[PDB]
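> Below is one structure. I have some questions about it.
Note that each Cβ is placed from the backbone with ideal geometry, even for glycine, and that neighbours are counted across all protein chains shown. Each value in this text was obtained by applying a stated rule to the coordinates, not by laboratory testing.
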Amino acid sequence: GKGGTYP
Amino acid sequence: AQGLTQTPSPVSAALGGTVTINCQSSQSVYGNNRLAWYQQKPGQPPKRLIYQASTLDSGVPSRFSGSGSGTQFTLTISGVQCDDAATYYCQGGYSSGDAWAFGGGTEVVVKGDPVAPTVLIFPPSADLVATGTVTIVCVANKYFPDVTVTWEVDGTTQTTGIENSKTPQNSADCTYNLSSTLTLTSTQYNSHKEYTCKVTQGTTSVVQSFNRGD
Amino acid sequence: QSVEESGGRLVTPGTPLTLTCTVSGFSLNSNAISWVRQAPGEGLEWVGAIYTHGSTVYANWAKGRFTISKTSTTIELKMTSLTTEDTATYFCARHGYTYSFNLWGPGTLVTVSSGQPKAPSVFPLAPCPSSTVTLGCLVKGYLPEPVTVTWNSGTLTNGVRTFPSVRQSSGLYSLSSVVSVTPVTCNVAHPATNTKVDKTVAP
């Protein structure tokens, strides 16, 4: 969970 | 833990020329390609140009290209524009140590067309004198390349009590603007007559002067 | 979709304070957030991150002075043992799946200093005549930064030159704004004291 839904 | 380093500042090129910015990481970024580039102008948040080493973000001009992998990355700008005068930061993602890390940034200076400054001097308003502290403002407008400013009071060069503040390069024509302020007590101000701002660009000089209470 | 930082203010060394990042149009249940700080004239420094499940990570340099927490709509940054060296703009940034940041706020300014807040004093700049004249406003004696300067309520924008601030020996800030025109008012805001000054500049 260290990213996000968009690039 | 890990260390990021970039091309020293400033990186200069002529308008329409080519700029190279390198980024080195002491540790391989995540998957050898988790490296992003940001552009930043004074007072604004950073804008992402590149992610995963080589993918341009939405709407970023194609004159920007990222390349490299592992520990060595490169941002190039072809046909560099006045709009590209900015600081450029690389940013790695890592599986080990600090999960995110920015390089220290590289400033790009774009050498636009030469413009001789026009110069203005502004005496303190009566209400400013009435405060007991005086500020005399000299402005060098829309110029390139850089200038030096010299003051005189009653014909004596004045090197103390001066602050210079330069705008960032104009995004349209690469020009600077500069404020040079002389700050004195109202006592000092009222003890002298002639206040002179001299702006020099190479061998060219523009002088603006006033006499207190003219 | 946006993030916005708030809570920047003037504090004395050793005064704890809390910044807030307010998010719009995305879930903190699927998007990680970082705090990034920038000292005046200096580089971006990652502070730390809060991941989707509430886990936190910090830069080596933070040394436990920074705590990040979240709610459903906000992320807080709590900072301790502030010295003058902590004076900086603090940004929050949304994580992209590319392990880069895809959304930034305008930033909020933490000023760590002795001194008390002070509203700016605005003075006209006029020559000691043509149809066209350059006039201006001197904005001085304010703390903390920043001020904004607009002309005729933002209707005059062409050839406005607003110079970077300078800190005097008093610790107070000063800058000038000039504009070329053919009556002009400079509009100075000091958000730190909610102060709005208007100065009509007579040639």
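> Need one number: % antiparallel among DSSP beta bridges in chain B, to the nearest 5.
95 percent
> Which of the three applies to the range B:29-77, rounded, prolate or oblate, going by the alpha-carbon gyration tensor with a ≥ b ≥ c and a/c under 1.5 meaning rounded?
It is prolate, given that a/c is not under 1.5 and a/b is the larger ratio.
> Ranked by Cβ crowding within 10 angstrom, fewest neighbours first, how are B:193, C:118, B:166 ordered?
Listed from fewest to most nearby Cβ atoms, that is B:193, B:166, C:118.
> For residue B:103, what residues show an amide H to amide H distance below 5 Å, using hydrogens built from the backbone and excluding near sequence neighbours?
Here the answer is B:90, B:91, B:92, since their amide H atoms fall under 5 Å of that of residue B:103.
> Using only the Cα atoms of the range C:62-169, build the gyration tensor, take square roots of its eigenvalues as a ≥ b ≥ c, and label the shape rounded, prolate or oblate: rounded if a/c is under 1.5, else prolate if a/b is larger than b/c, else oblate.
Oblate, because a/c is 1.5 or more while a/b does not exceed b/c.
> A follow-up question, please. Under 5 Å between amide H atoms, partner at least 5 residues away or on a different chain: which partners does residue C:184 have, H built in plane at 1.01 Å?
Answer set, sorted by chain and number: C:201.
> Across peptide B:140-149, how many C-beta atoms of other chains are within 10 Å of each residue C-beta, on average?
The mean count of partner-chain Cβ atoms within 10 Å per residue comes to 1.
> Each residue of the range B:90-106 in order: what ³J(HN,Hα) in whole Hz does its phi give by Karplus 6.51 cos²θ - 1.76 cosθ + 1.60, θ = phi - 60°, with x for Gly and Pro?
Running phi through 6.51 cos²θ - 1.76 cosθ + 1.60 with θ = phi - 60° gives 8, 8, x, x, 9, 8, 8, x, 3, 5, 10, 7, 9, x, x, x, 10 Hz.
> Taking beta carbons within 10 Å but only from partner chains, what does the mean come to for residues B:98-106?
Partner Cβ neighbours, averaged per residue: 6.
> Distance check, please: which entries in B:193/C:140; B:166/C:63; B:47/B:166; A:2/C:78 exceed 29 angstrom between their Cα atoms?
Checking Cα-Cα distances, B:166/C:63 exceed 29 Å.
> Got a sec to turn the phi values of the range C:93-110 into Karplus ³J(HN,Hα) couplings, 6.51 cos²θ - 1.76 cosθ + 1.60 with θ = phi - 60°, whole Hz, x for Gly and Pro?
So the J values, rounded to whole Hz, are 9, 6, 6, x, 5, 7, 6, 10, 9, 10, 7, 10, x, x, x, 10, 9, 9.
> Can you report the principal axis dimensions of the range B:118-211 using only the alpha carbons, biggest first, rounded to whole angstrom?
42, 26, 19
> Quick one: compute a quarter of the convex hull surface over the Cα atoms of the range C:125-177 and quote it in nm².
4.8 nm²
> Answer rounded, prolate or oblate for chain C, using the Cα gyration tensor with square roots of eigenvalues a ≥ b ≥ c: rounded when a/c is under 1.5, else prolate when a/b is larger than b/c, else oblate.
Taking the square roots of the gyration eigenvalues as a ≥ b ≥ c, chain C is prolate.
> OK, next. Which value, in Å to one decimal place, does the Kirkwood hydrodynamic radius take for the range B:14-129 when every pair of different Cα atoms is included?
Result for the range B:14-129 stands at 16.0 Å.
> Arrange the peptides B:88-94, B:153-159 so that the one whose residues have, on average, the most other Cβ atoms within 10 Å appears first.
B:88-94, B:153-159
> For the range B:2-8, just list the computed ³J(HN,Hα) in residue order, Karplus coefficients 6.51, -1.76 and 1.60, θ = phi - 60°, integers in Hz, with x standing in for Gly and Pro.
The phi angles translate into 6, x, 10, 10, 10, 2, x Hz.
> Counting other beta carbons within 10 Å of each Cβ, put B:143, B:195 in order, fewest first.
B:143, B:195
> Per residue of B:159-170, count partner chain C-beta atoms within 10 Å of its C-beta, then hand back the mean as an integer.
2
> Looking at the protein assembly as shown, send over the antiparallel percent of its DSSP beta bridges, to the nearest 5.
95 percent
> Please pull out the direction-averaged projected area of the protein assembly as shown, using the convex hull of its alpha-carbon atoms, in nm² to one decimal place.
Answer in nm², one decimal: 21.5.
> Also: Over the range B:103-148, what is the relative contact order in percent, taking alpha-carbon pairs closer than 8 angstrom and at least six residues apart?
RCO, the range B:103-148: 46 percent.
> Per DSSP H run of n ≥ 4, the term is -39500 (n - 2.57); total these for chain B, divide by its residue number, and report the mean residue ellipticity at 222 nm rounded to 500 deg cm²/dmol.
Here the helix-only value at 222 nm equals -500 deg cm²/dmol.
> A follow-up question, please. Order of B:133, B:181 from fewest to most other C-beta atoms within 10 Å?
B:133, B:181
> Given the convex hull of the Cα atoms of the range C:2-112, what is a quarter of its surface area in nm²?
Result: a mean projected hull area of 6.4 nm².
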